[PDB]
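*Asks:* The following block contains the structure, expressed as structure tokens.
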Amino acid sequence: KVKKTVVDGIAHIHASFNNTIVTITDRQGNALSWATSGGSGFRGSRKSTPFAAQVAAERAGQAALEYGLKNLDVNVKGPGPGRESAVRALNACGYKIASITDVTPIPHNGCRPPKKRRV
Amino acid sequence: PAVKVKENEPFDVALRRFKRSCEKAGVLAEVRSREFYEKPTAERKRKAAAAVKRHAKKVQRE
Amino acid sequence: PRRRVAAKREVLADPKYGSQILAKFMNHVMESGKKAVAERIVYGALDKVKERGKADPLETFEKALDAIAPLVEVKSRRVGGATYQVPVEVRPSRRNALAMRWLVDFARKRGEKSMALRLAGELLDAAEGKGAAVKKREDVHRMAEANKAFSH
RNA sequence: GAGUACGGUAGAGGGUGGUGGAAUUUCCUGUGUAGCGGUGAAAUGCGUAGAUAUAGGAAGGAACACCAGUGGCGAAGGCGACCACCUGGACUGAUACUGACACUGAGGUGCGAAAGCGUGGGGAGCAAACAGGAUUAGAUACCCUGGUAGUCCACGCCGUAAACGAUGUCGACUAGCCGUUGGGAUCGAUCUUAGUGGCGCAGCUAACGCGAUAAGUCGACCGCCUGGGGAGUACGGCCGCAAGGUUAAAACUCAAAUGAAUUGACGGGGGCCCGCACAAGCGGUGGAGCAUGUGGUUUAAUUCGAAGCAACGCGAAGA
Ligand SMILES: [Mg+2]
Ligand SMILES: [Mg+2]
Ligand SMILES: [Mg+2]
Ligand SMILES: [Mg+2]
Ligand SMILES: [Mg+2]
Ligand SMILES: [Mg+2]
Ligand SMILES: [Mg+2]
Ligand SMILES: [Mg+2]
Ligand SMILES: [Mg+2]
Ligand SMILES: [Mg+2]
Ligand SMILES: [Mg+2]
Ligand SMILES: [Mg+2]
Ligand SMILES: [Mg+2]
Ligand SMILES: [Mg+2]
Ligand SMILES: [Mg+2]
Ligand SMILES: [Mg+2]
Ligand SMILES: [Mg+2]
Ligand SMILES: [Mg+2]
Ligand SMILES: [Mg+2]
Ligand SMILES: [Mg+2]
Ligand SMILES: [Mg+2]
Ligand SMILES: [Mg+2]
Ligand SMILES: [Mg+2]
Ligand SMILES: [Mg+2]
Ligand SMILES: [Mg+2]
Ligand SMILES: [Mg+2]
Ligand SMILES: [Mg+2]
Ligand SMILES: [Mg+2]
Ligand SMILES: [Mg+2]
């Protein structure tokens with residue numbers, strides 16, 4: 001029942017080798033709409049494709065169109081596929097993109113990663 | 001790895017410029033480097049092999 | 001095959017309608033070298049179509065083919081643990097032959113009296129798009145679109 | 001030859017304190033809603049008791065992206081965040097000084113990766129043992145989800161590694177070419193010095209290969225070898241808290257074991273190419289009845305022969 005209005009939001013794309021997660025929020029970091037590849041009906045080896053990321057980005061954008069949101073900045077994070085299909089789907093939704101940034105976290109020395117797989 | 005869209009250029013120039021900046025920053029290489037633990041023996045072996053190939057290629061140019 | 005040496009063979013011998021597609025369909029319905037029997041079957045089916053309704057048989061046949069030729073097809077490729085079924089746009093030459101083959105195949109199992117009448121029924125059904133052949137076509141399309149994540 | 005005194009350089013050489021930034025994990029809170037995670041595919045597992053995602057705050061531990069390089073330092077093992085303090089060696093230039101003061105080294109003494117052991121702290125990530133899920137004929141494994149000692153620190157022990165350049169230390173001579181590290185000179189160039197790499201003439205080697213950083217030509221001293229197993233094992237001695245370490249045989253058994261290279265064959269190695277080899281199609285066999293050859297069985301005899309592809313409508317184009 002309750003509604004709200006907001007413009008000039010921020011879209012976070014979280015790519016990985018298995019799944020991608022799209023989340024539109026306002027500038028303060030409060031989520032409005034979100035969509036994934038597993039929630040778009042792929043569920044497996046098809047979940048890890050740029051097509052699934054495109055579908056997820058369009059679905060999330062159509063969900064977030066309720067608030068208005070005529071401006072979006074973009075934050076990409078992850079090595080997986082769909083690192084760019086989501087970004088090209090977001091403008092196809094009808095948005096205007098102020099900028100794009102990459103916020104992938106890189107340790108400087110950090111903790112040690114797991115063992116190497118013997119396949 | 002951060003670009004801006006300035007003075008109404010199409011959203012194909014901006015995306016390719018973003019890709020070029022990401023490639024220049026070596027993001028994906030850094031992410032692939034730290035996926036698993038590479039024991040120091042393997043790291044030294046990789047460095048030695050890279051040096052051998054580099055020197056051989058540089059010598060072959062003349 | 002590897003050589004890519006055999007070009008196509010052209011035969012165009014429609015005896016009484018002057019259509020290439022009719023001759024190709026006569027080739028498809030032929031079995032064991034009975035050219036004339038196939039011509040009689042096709043002509044009987046077209047005459048039944050002409051008699052049933054005011055529609056002329058040639059246009060009905062053509063627009064029945066246009067309502068049955070598929071648009072995309074499924075081709076399988078293995079990756080070492082699973083075989084994915086990628087979609088490919090059927091070539092403009094393959095669609096006609098596939099449509100003809102499907103039409104004659106589902107005509108052969110229609111179940112009514114004679115082959116001429118079976119073809120007649122299949123053409124009437126396909127001109128409106130309600131036979132089993134159109135069910136197969138839409139099944140192929142839905143399978144192909146359900147595997148659109150591969151596409152490339 | 002070997003050392004001393006005096007300026008100056010380069011350095012992840014060592015030890016004791018302090019401080020940074022990135023990231024992970026846990027905890028608290030706001031937004032928000034149905035998935036997350038994982039895989040060759042899955043499942044175990046995590047979520048509507050509100051997860052994943054996103055934003056703000058806090059705690060704690062460990063490892064120091066880029067620079068980074070066939071780079072540097074160290075007797076070796078080894079040493080990568082920054083700053084201060086204590087400290088060892090090397091390189092470099094001139095003058096002066098001592099006057100063979102040197103090399104090697106059985107015993108002996110000391111340093112010595114990782115794992116491991118004892119006492120006391122610490123606990124993020126990872127991860128032997130362990131548990132569950134898959135795979136499989138089975139799977140005490142590879143793969144997935146978790147996870148304890150350990151990995152970190154102080155003190156003490158252990159004293160072993162493919163601890164390797166598989167090459168003991170010291171000194172003298174022997175064509176050259178191209179890099180690079182720390183310095184000197186002379187006019188970017190030439191010369192020279194101590195390291196670190198790639199080629200290469202002689203010479204050497206069974207060959208591969210080495211070749212001024214020799215495996216070349218010569219000196220000084222030390223260690224070690226004498227066919228493969230049994231065996232670096234048994235017993236004794238000495239070390240250790242324990243794991244164990246070190247010194248170290250015999251009977252018996254075999255006639256070989258081994259190094260380098262050549263030809264072929266092969267590979268769940270690589271690169272090209274072809275063939276009804278796949279892919280796109282048409283018609284069949286396997287089911288029925290009969291014909292015919294074979295196996296087996298039966299018989300007095302069911303006469304011999306052909307046996308994956310390359311035997312079975314085959315010798316037989318006529319019991
Ligand atoms: Mg894994
Ligand atoms: Mg969170
Ligand atoms: Mg946070
Ligand atoms: Mg000693
Ligand atoms: Mg240790
Ligand atoms: Mg221990
Ligand atoms: Mg123990
Ligand atoms: Mg212990
Ligand atoms: Mg303890
Ligand atoms: Mg775990
Ligand atoms: Mg301990
Ligand atoms: Mg030894
Ligand atoms: Mg040795
Ligand atoms: Mg020597
Ligand atoms: Mg020496
Ligand atoms: Mg020597
Ligand atoms: Mg010498
Ligand atoms: Mg050489
Ligand atoms: Mg020799
Ligand atoms: Mg012996
Ligand atoms: Mg012993
Ligand atoms: Mg003993
Ligand atoms: Mg004990
Ligand atoms: Mg050999
Ligand atoms: Mg071969
Ligand atoms: Mg076939
Ligand atoms: Mg049969
Ligand atoms: Mg016989
Ligand atoms: Mg025959």
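Order determines the names: the first chain of the structure tokens is A, the second B, and so forth; residues in each chain are numbered 1 upward, and ligands are numbered 1 upward as they are shown.
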Which residues are near ligand 20 - at most 12 Å, using only C-alpha atoms (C1' of nucleotides) and all ligand atoms? Format: as a list in words.
*Replies:*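 If we count only C-alpha atoms (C1' of nucleotides) and all ligand atoms, the neighbours of ligand 20 turn out to be residues 226, 227, 228, 229, 230, 231, 249, 250, 252, 253, 254 and 257 of chain D.
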*Asks:* Can I get the selection written as a PDB file, in the first residue's frame, with N, CA and C atoms (P, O5', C5', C4', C3', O3' and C1' of nucleotides)?
*Replies:*
```
ATOM      1  P     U D 226      81.071 -49.079  -1.330  1.00  0.00           P
ATOM      2  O5'   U D 226      81.541 -50.096  -2.455  1.00  0.00           O
ATOM      3  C5'   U D 226      81.020 -49.999  -3.774  1.00  0.00           C
ATOM      4  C4'   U D 226      81.876 -50.735  -4.769  1.00  0.00           C
ATOM      5  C3'   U D 226      82.385 -52.099  -4.306  1.00  0.00           C
ATOM      6  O3'   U D 226      82.283 -53.040  -5.372  1.00  0.00           O
ATOM      7  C1'   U D 226      84.206 -50.747  -4.988  1.00  0.00           C
ATOM      8  P     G D 227      81.360 -54.342  -5.193  1.00  0.00           P
ATOM      9  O5'   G D 227      79.996 -53.964  -5.923  1.00  0.00           O
ATOM     10  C5'   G D 227      79.985 -53.252  -7.150  1.00  0.00           C
ATOM     11  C4'   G D 227      78.786 -53.617  -7.990  1.00  0.00           C
ATOM     12  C3'   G D 227      77.450 -53.673  -7.269  1.00  0.00           C
ATOM     13  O3'   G D 227      76.859 -52.401  -7.076  1.00  0.00           O
ATOM     14  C1'   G D 227      77.691 -55.593  -8.606  1.00  0.00           C
ATOM     15  P     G D 228      75.848 -52.166  -5.853  1.00  0.00           P
ATOM     16  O5'   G D 228      74.517 -52.917  -6.297  1.00  0.00           O
ATOM     17  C5'   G D 228      73.739 -52.443  -7.383  1.00  0.00           C
ATOM     18  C4'   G D 228      72.528 -53.309  -7.618  1.00  0.00           C
ATOM     19  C3'   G D 228      71.572 -53.450  -6.447  1.00  0.00           C
ATOM     20  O3'   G D 228      70.701 -52.342  -6.318  1.00  0.00           O
ATOM     21  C1'   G D 228      71.961 -55.571  -7.426  1.00  0.00           C
ATOM     22  P     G D 229      70.021 -52.017  -4.903  1.00  0.00           P
ATOM     23  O5'   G D 229      69.084 -53.274  -4.643  1.00  0.00           O
ATOM     24  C5'   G D 229      68.655 -53.602  -3.334  1.00  0.00           C
ATOM     25  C4'   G D 229      68.054 -54.981  -3.286  1.00  0.00           C
ATOM     26  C3'   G D 229      67.701 -55.492  -1.902  1.00  0.00           C
ATOM     27  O3'   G D 229      66.463 -55.001  -1.431  1.00  0.00           O
ATOM     28  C1'   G D 229      68.876 -57.161  -3.081  1.00  0.00           C
ATOM     29  P     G D 230      66.390 -54.313   0.012  1.00  0.00           P
ATOM     30  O5'   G D 230      66.847 -55.471   1.000  1.00  0.00           O
ATOM     31  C5'   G D 230      66.091 -56.666   1.117  1.00  0.00           C
ATOM     32  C4'   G D 230      66.780 -57.673   2.002  1.00  0.00           C
ATOM     33  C3'   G D 230      67.274 -57.154   3.341  1.00  0.00           C
ATOM     34  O3'   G D 230      66.244 -57.067   4.306  1.00  0.00           O
ATOM     35  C1'   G D 230      68.979 -58.416   2.319  1.00  0.00           C
ATOM     36  P     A D 231      66.182 -55.839   5.337  1.00  0.00           P
ATOM     37  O5'   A D 231      66.865 -54.621   4.574  1.00  0.00           O
ATOM     38  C5'   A D 231      66.583 -53.282   4.969  1.00  0.00           C
ATOM     39  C4'   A D 231      67.666 -52.313   4.561  1.00  0.00           C
ATOM     40  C3'   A D 231      67.969 -52.240   3.067  1.00  0.00           C
ATOM     41  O3'   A D 231      68.317 -50.899   2.727  1.00  0.00           O
ATOM     42  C1'   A D 231      69.928 -52.817   4.239  1.00  0.00           C
ATOM     43  P     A D 249      79.406 -51.421   7.667  1.00  0.00           P
ATOM     44  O5'   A D 249      78.110 -52.335   7.542  1.00  0.00           O
ATOM     45  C5'   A D 249      78.190 -53.647   7.009  1.00  0.00           C
ATOM     46  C4'   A D 249      78.445 -54.667   8.088  1.00  0.00           C
ATOM     47  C3'   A D 249      78.252 -56.122   7.692  1.00  0.00           C
ATOM     48  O3'   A D 249      79.371 -56.660   7.015  1.00  0.00           O
ATOM     49  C1'   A D 249      77.164 -55.719   9.742  1.00  0.00           C
ATOM     50  P     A D 250      79.164 -57.713   5.825  1.00  0.00           P
ATOM     51  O5'   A D 250      78.510 -58.979   6.534  1.00  0.00           O
ATOM     52  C5'   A D 250      79.284 -59.846   7.347  1.00  0.00           C
ATOM     53  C4'   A D 250      78.437 -60.947   7.936  1.00  0.00           C
ATOM     54  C3'   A D 250      77.718 -61.839   6.936  1.00  0.00           C
ATOM     55  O3'   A D 250      78.544 -62.868   6.418  1.00  0.00           O
ATOM     56  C1'   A D 250      76.195 -61.136   8.590  1.00  0.00           C
ATOM     57  P     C D 252      75.560 -68.603   3.251  1.00  0.00           P
ATOM     58  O5'   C D 252      74.110 -68.266   2.692  1.00  0.00           O
ATOM     59  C5'   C D 252      72.972 -69.012   3.095  1.00  0.00           C
ATOM     60  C4'   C D 252      71.698 -68.316   2.691  1.00  0.00           C
ATOM     61  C3'   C D 252      71.534 -68.063   1.202  1.00  0.00           C
ATOM     62  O3'   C D 252      71.050 -69.193   0.500  1.00  0.00           O
ATOM     63  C1'   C D 252      71.052 -66.083   2.384  1.00  0.00           C
ATOM     64  P     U D 253      71.663 -69.567  -0.933  1.00  0.00           P
ATOM     65  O5'   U D 253      70.960 -68.552  -1.935  1.00  0.00           O
ATOM     66  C5'   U D 253      69.548 -68.482  -2.035  1.00  0.00           C
ATOM     67  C4'   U D 253      69.108 -67.223  -2.737  1.00  0.00           C
ATOM     68  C3'   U D 253      69.722 -66.962  -4.102  1.00  0.00           C
ATOM     69  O3'   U D 253      69.109 -67.707  -5.140  1.00  0.00           O
ATOM     70  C1'   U D 253      69.776 -64.980  -2.819  1.00  0.00           C
ATOM     71  P     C D 254      69.999 -68.314  -6.334  1.00  0.00           P
ATOM     72  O5'   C D 254      69.978 -67.181  -7.449  1.00  0.00           O
ATOM     73  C5'   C D 254      68.755 -66.610  -7.882  1.00  0.00           C
ATOM     74  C4'   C D 254      68.965 -65.256  -8.513  1.00  0.00           C
ATOM     75  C3'   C D 254      69.987 -65.190  -9.633  1.00  0.00           C
ATOM     76  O3'   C D 254      69.467 -65.653 -10.868  1.00  0.00           O
ATOM     77  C1'   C D 254      70.304 -63.368  -8.156  1.00  0.00           C
ATOM     78  P     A D 257      68.873 -56.737 -15.575  1.00  0.00           P
ATOM     79  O5'   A D 257      69.216 -55.645 -14.471  1.00  0.00           O
ATOM     80  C5'   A D 257      68.513 -55.618 -13.239  1.00  0.00           C
ATOM     81  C4'   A D 257      69.131 -54.649 -12.264  1.00  0.00           C
ATOM     82  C3'   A D 257      69.292 -53.216 -12.734  1.00  0.00           C
ATOM     83  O3'   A D 257      68.094 -52.461 -12.730  1.00  0.00           O
ATOM     84  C1'   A D 257      71.274 -53.906 -11.686  1.00  0.00           C
TER      85        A D 257
END
```
*Asks:* Per residue of chain B within 12 Å of segment 87-91 of chain A, note the shortest atom pair and the distance in Å to one decimal, counting only C-alpha atoms, and order the rows by chain and increasing residue number, as a tab-separated table.
*Replies:*
```
residue	atom	partner	partner_atom	distance
B:10	CA	A:91	CA	10.9
B:11	CA	A:88	CA	8.1
B:12	CA	A:88	CA	8.9
B:13	CA	A:88	CA	11.9
B:14	CA	A:88	CA	10.7
B:15	CA	A:88	CA	8.2
B:16	CA	A:88	CA	11.3
B:18	CA	A:87	CA	10.9
B:19	CA	A:87	CA	11.7
```
*Asks:* If you count only C-alpha atoms (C1' of nucleotides), which residues fall within 9 Å of residue 116 of chain C, apart from same-chain ones fewer than 5 positions away, as a PDB file with N, CA, C and O atoms, in the first residue's frame?
*Replies:*
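As a result, part.pdb now contains:
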```pdb
ATOM      1  N   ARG C  40      -0.678 -39.121 -58.669  1.00  0.00           N
ATOM      2  CA  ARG C  40      -2.105 -39.369 -58.502  1.00  0.00           C
ATOM      3  C   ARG C  40      -2.556 -39.033 -57.088  1.00  0.00           C
ATOM      4  O   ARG C  40      -3.615 -38.430 -56.896  1.00  0.00           O
ATOM      5  N   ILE C  41      -1.762 -39.413 -56.087  1.00  0.00           N
ATOM      6  CA  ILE C  41      -2.128 -39.140 -54.699  1.00  0.00           C
ATOM      7  C   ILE C  41      -2.218 -37.637 -54.458  1.00  0.00           C
ATOM      8  O   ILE C  41      -3.186 -37.137 -53.869  1.00  0.00           O
ATOM      9  N   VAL C  42      -1.208 -36.895 -54.918  1.00  0.00           N
ATOM     10  CA  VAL C  42      -1.185 -35.451 -54.699  1.00  0.00           C
ATOM     11  C   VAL C  42      -2.350 -34.780 -55.416  1.00  0.00           C
ATOM     12  O   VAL C  42      -3.021 -33.902 -54.859  1.00  0.00           O
ATOM     13  N   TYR C  43      -2.608 -35.178 -56.663  1.00  0.00           N
ATOM     14  CA  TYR C  43      -3.708 -34.578 -57.406  1.00  0.00           C
ATOM     15  C   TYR C  43      -5.052 -34.909 -56.776  1.00  0.00           C
ATOM     16  O   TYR C  43      -5.942 -34.055 -56.730  1.00  0.00           O
ATOM     17  N   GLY C  44      -5.223 -36.134 -56.281  1.00  0.00           N
ATOM     18  CA  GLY C  44      -6.457 -36.470 -55.596  1.00  0.00           C
ATOM     19  C   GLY C  44      -6.660 -35.651 -54.338  1.00  0.00           C
ATOM     20  O   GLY C  44      -7.771 -35.195 -54.055  1.00  0.00           O
ATOM     21  N   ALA C  45      -5.589 -35.445 -53.569  1.00  0.00           N
ATOM     22  CA  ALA C  45      -5.698 -34.618 -52.372  1.00  0.00           C
ATOM     23  C   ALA C  45      -6.072 -33.183 -52.724  1.00  0.00           C
ATOM     24  O   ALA C  45      -6.946 -32.584 -52.085  1.00  0.00           O
ATOM     25  N   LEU C  46      -5.427 -32.619 -53.748  1.00  0.00           N
ATOM     26  CA  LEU C  46      -5.752 -31.254 -54.154  1.00  0.00           C
ATOM     27  C   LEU C  46      -7.177 -31.154 -54.681  1.00  0.00           C
ATOM     28  O   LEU C  46      -7.862 -30.153 -54.447  1.00  0.00           O
ATOM     29  N   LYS C  48      -9.705 -33.052 -53.715  1.00  0.00           N
ATOM     30  CA  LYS C  48     -10.570 -33.099 -52.542  1.00  0.00           C
ATOM     31  C   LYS C  48     -10.613 -31.749 -51.838  1.00  0.00           C
ATOM     32  O   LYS C  48     -11.677 -31.306 -51.389  1.00  0.00           O
ATOM     33  N   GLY C 121      -6.973 -33.881 -45.483  1.00  0.00           N
ATOM     34  CA  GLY C 121      -7.257 -33.473 -44.122  1.00  0.00           C
ATOM     35  C   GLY C 121      -6.119 -32.689 -43.504  1.00  0.00           C
ATOM     36  O   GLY C 121      -6.343 -31.681 -42.830  1.00  0.00           O
TER      37      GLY C 121
END
```
*Asks:* Within 12 Å of ligand 16, which residues of chain D come that close, and what is the closest atom pair and distance in Å for each? Count only C-alpha atoms (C1' of nucleotides) and all ligand atoms and give it as a tab-separated table.
*Replies:*
```
residue	atom	partner	partner_atom_place_in_ligand_line	distance
D:167	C1'	ligand 16	1 (Mg)	9.6
D:168	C1'	ligand 16	1 (Mg)	8.2
D:169	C1'	ligand 16	1 (Mg)	7.4
D:170	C1'	ligand 16	1 (Mg)	7.9
D:171	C1'	ligand 16	1 (Mg)	9.5
D:213	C1'	ligand 16	1 (Mg)	10.4
D:214	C1'	ligand 16	1 (Mg)	9.5
D:215	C1'	ligand 16	1 (Mg)	11.3
```
*Asks:* Using only N, CA and C atoms (P, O5', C5', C4', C3', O3' and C1' of nucleotides), please write the residues we just selected to a file, as a PDB file, in the first residue's frame.
*Replies:*
```pdb
ATOM      1  P     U D 167      75.707 -31.033  -5.591  1.00  0.00           P
ATOM      2  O5'   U D 167      77.009 -31.137  -6.502  1.00  0.00           O
ATOM      3  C5'   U D 167      78.157 -31.857  -6.067  1.00  0.00           C
ATOM      4  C4'   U D 167      79.407 -31.423  -6.796  1.00  0.00           C
ATOM      5  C3'   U D 167      79.881 -29.997  -6.512  1.00  0.00           C
ATOM      6  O3'   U D 167      81.306 -29.935  -6.603  1.00  0.00           O
ATOM      7  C1'   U D 167      79.446 -30.234  -8.809  1.00  0.00           C
ATOM      8  P     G D 168      82.257 -30.426  -5.401  1.00  0.00           P
ATOM      9  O5'   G D 168      82.184 -29.259  -4.326  1.00  0.00           O
ATOM     10  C5'   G D 168      81.511 -29.460  -3.094  1.00  0.00           C
ATOM     11  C4'   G D 168      82.390 -29.146  -1.911  1.00  0.00           C
ATOM     12  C3'   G D 168      83.331 -27.968  -2.059  1.00  0.00           C
ATOM     13  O3'   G D 168      82.686 -26.718  -1.904  1.00  0.00           O
ATOM     14  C1'   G D 168      84.475 -29.778  -1.062  1.00  0.00           C
ATOM     15  P     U D 169      83.196 -25.442  -2.732  1.00  0.00           P
ATOM     16  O5'   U D 169      84.425 -24.903  -1.879  1.00  0.00           O
ATOM     17  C5'   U D 169      84.247 -24.501  -0.530  1.00  0.00           C
ATOM     18  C4'   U D 169      85.565 -24.340   0.184  1.00  0.00           C
ATOM     19  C3'   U D 169      86.592 -23.447  -0.485  1.00  0.00           C
ATOM     20  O3'   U D 169      86.345 -22.066  -0.299  1.00  0.00           O
ATOM     21  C1'   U D 169      87.638 -25.427   0.234  1.00  0.00           C
ATOM     22  P     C D 170      86.757 -21.018  -1.443  1.00  0.00           P
ATOM     23  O5'   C D 170      88.347 -21.063  -1.454  1.00  0.00           O
ATOM     24  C5'   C D 170      89.091 -20.614  -0.333  1.00  0.00           C
ATOM     25  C4'   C D 170      90.573 -20.822  -0.517  1.00  0.00           C
ATOM     26  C3'   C D 170      91.184 -20.271  -1.788  1.00  0.00           C
ATOM     27  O3'   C D 170      91.355 -18.868  -1.782  1.00  0.00           O
ATOM     28  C1'   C D 170      92.033 -22.428  -1.390  1.00  0.00           C
ATOM     29  P     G D 171      91.155 -18.043  -3.145  1.00  0.00           P
ATOM     30  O5'   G D 171      92.496 -18.307  -3.961  1.00  0.00           O
ATOM     31  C5'   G D 171      93.746 -17.864  -3.458  1.00  0.00           C
ATOM     32  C4'   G D 171      94.908 -18.462  -4.210  1.00  0.00           C
ATOM     33  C3'   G D 171      94.947 -18.229  -5.707  1.00  0.00           C
ATOM     34  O3'   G D 171      95.366 -16.925  -6.063  1.00  0.00           O
ATOM     35  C1'   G D 171      95.493 -20.474  -5.250  1.00  0.00           C
ATOM     36  P     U D 213      84.305 -15.689 -14.210  1.00  0.00           P
ATOM     37  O5'   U D 213      83.446 -16.666 -13.296  1.00  0.00           O
ATOM     38  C5'   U D 213      84.045 -17.357 -12.209  1.00  0.00           C
ATOM     39  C4'   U D 213      83.159 -18.462 -11.697  1.00  0.00           C
ATOM     40  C3'   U D 213      82.909 -19.602 -12.679  1.00  0.00           C
ATOM     41  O3'   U D 213      82.803 -20.826 -11.957  1.00  0.00           O
ATOM     42  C1'   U D 213      80.851 -18.630 -12.066  1.00  0.00           C
ATOM     43  P     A D 214      84.033 -21.857 -11.927  1.00  0.00           P
ATOM     44  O5'   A D 214      83.522 -23.078 -12.803  1.00  0.00           O
ATOM     45  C5'   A D 214      83.791 -23.128 -14.195  1.00  0.00           C
ATOM     46  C4'   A D 214      83.722 -24.537 -14.715  1.00  0.00           C
ATOM     47  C3'   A D 214      84.650 -25.532 -14.017  1.00  0.00           C
ATOM     48  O3'   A D 214      84.028 -26.816 -13.986  1.00  0.00           O
ATOM     49  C1'   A D 214      85.158 -25.455 -16.311  1.00  0.00           C
ATOM     50  P     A D 215      83.726 -27.550 -12.590  1.00  0.00           P
ATOM     51  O5'   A D 215      83.643 -29.092 -12.979  1.00  0.00           O
ATOM     52  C5'   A D 215      84.811 -29.904 -13.043  1.00  0.00           C
ATOM     53  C4'   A D 215      84.931 -30.635 -14.360  1.00  0.00           C
ATOM     54  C3'   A D 215      85.337 -29.775 -15.553  1.00  0.00           C
ATOM     55  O3'   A D 215      86.089 -30.567 -16.472  1.00  0.00           O
ATOM     56  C1'   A D 215      83.215 -30.721 -15.958  1.00  0.00           C
TER      57        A D 215
END
```
*Asks:* Please report, as a tab-separated table, each residue of chain A lying at most 8 Å from chain C, together with the nearest pair of atoms and the separation in Å rounded to one decimal; use only C-alpha atoms, and order rows by chain and ascending residue number.
*Replies:*
```
residue	atom	partner	partner_atom	distance
A:46	CA	C:149	CA	6.0
A:49	CA	C:149	CA	6.8
A:51	CA	C:149	CA	5.7
A:52	CA	C:149	CA	7.1
```
*Asks:* Could you take the residues named above and write them with N, CA, C and O atoms, as a PDB file, in the first residue's frame?
*Replies:*
```pdb
ATOM      1  N   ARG A  46      23.051 -22.728 -16.818  1.00  0.00           N
ATOM      2  CA  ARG A  46      22.514 -21.553 -17.491  1.00  0.00           C
ATOM      3  C   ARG A  46      22.475 -20.333 -16.587  1.00  0.00           C
ATOM      4  O   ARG A  46      22.382 -19.209 -17.086  1.00  0.00           O
ATOM      5  N   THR A  49      25.553 -17.307 -17.038  1.00  0.00           N
ATOM      6  CA  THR A  49      25.725 -16.747 -18.366  1.00  0.00           C
ATOM      7  C   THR A  49      25.375 -15.266 -18.368  1.00  0.00           C
ATOM      8  O   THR A  49      24.603 -14.801 -17.521  1.00  0.00           O
ATOM      9  N   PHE A  51      23.433 -13.833 -20.387  1.00  0.00           N
ATOM     10  CA  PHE A  51      22.007 -13.709 -20.676  1.00  0.00           C
ATOM     11  C   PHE A  51      21.186 -13.651 -19.392  1.00  0.00           C
ATOM     12  O   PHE A  51      20.248 -12.850 -19.275  1.00  0.00           O
ATOM     13  N   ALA A  52      21.526 -14.495 -18.418  1.00  0.00           N
ATOM     14  CA  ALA A  52      20.830 -14.477 -17.139  1.00  0.00           C
ATOM     15  C   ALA A  52      21.048 -13.157 -16.414  1.00  0.00           C
ATOM     16  O   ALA A  52      20.124 -12.621 -15.794  1.00  0.00           O
TER      17      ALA A  52
END
```
*Asks:* Counting only C-alpha atoms (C1' of nucleotides), which residues of chain D come no farther than 9 Å from chain B, as a PyMOL selection string?
*Replies:* chain D and resi 65+70+178+198
*Asks:* Using N, CA and C atoms (P, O5', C5', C4', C3', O3' and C1' of nucleotides), can you export the residues from the last selection as a PDB file, in the first residue's frame?
*Replies:*
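Below you can see again.pdb, which holds the result:
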```
ATOM      1  P     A D  65      53.442  -7.081  -0.745  1.00  0.00           P
ATOM      2  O5'   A D  65      52.160  -6.887  -1.674  1.00  0.00           O
ATOM      3  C5'   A D  65      51.591  -7.990  -2.367  1.00  0.00           C
ATOM      4  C4'   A D  65      50.513  -7.572  -3.341  1.00  0.00           C
ATOM      5  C3'   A D  65      50.960  -6.817  -4.581  1.00  0.00           C
ATOM      6  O3'   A D  65      51.455  -7.684  -5.586  1.00  0.00           O
ATOM      7  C1'   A D  65      49.013  -5.811  -3.659  1.00  0.00           C
ATOM      8  P     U D  70      63.146 -12.049 -12.367  1.00  0.00           P
ATOM      9  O5'   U D  70      64.732 -12.172 -12.378  1.00  0.00           O
ATOM     10  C5'   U D  70      65.374 -13.279 -12.998  1.00  0.00           C
ATOM     11  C4'   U D  70      66.826 -12.989 -13.277  1.00  0.00           C
ATOM     12  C3'   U D  70      67.083 -12.016 -14.428  1.00  0.00           C
ATOM     13  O3'   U D  70      68.050 -10.995 -14.106  1.00  0.00           O
ATOM     14  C1'   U D  70      68.181 -14.095 -14.849  1.00  0.00           C
ATOM     15  P     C D 178      79.812  -7.098 -27.824  1.00  0.00           P
ATOM     16  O5'   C D 178      78.378  -7.550 -27.305  1.00  0.00           O
ATOM     17  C5'   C D 178      77.292  -7.678 -28.208  1.00  0.00           C
ATOM     18  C4'   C D 178      76.086  -8.306 -27.554  1.00  0.00           C
ATOM     19  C3'   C D 178      75.541  -7.604 -26.324  1.00  0.00           C
ATOM     20  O3'   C D 178      74.757  -6.465 -26.634  1.00  0.00           O
ATOM     21  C1'   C D 178      75.654  -9.923 -25.916  1.00  0.00           C
ATOM     22  P     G D 198      72.795 -19.136 -17.619  1.00  0.00           P
ATOM     23  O5'   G D 198      72.551 -18.628 -19.107  1.00  0.00           O
ATOM     24  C5'   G D 198      71.243 -18.356 -19.584  1.00  0.00           C
ATOM     25  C4'   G D 198      71.283 -17.754 -20.964  1.00  0.00           C
ATOM     26  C3'   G D 198      72.092 -18.521 -21.996  1.00  0.00           C
ATOM     27  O3'   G D 198      71.366 -19.591 -22.570  1.00  0.00           O
ATOM     28  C1'   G D 198      72.662 -16.232 -22.090  1.00  0.00           C
TER      29        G D 198
END
```
*Asks:* Tell me as a ChimeraX atom specification which residues belonging to chain D come within 12 Å of chain C, counting only C-alpha atoms (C1' of nucleotides).
*Replies:* /D:39-42,273-283
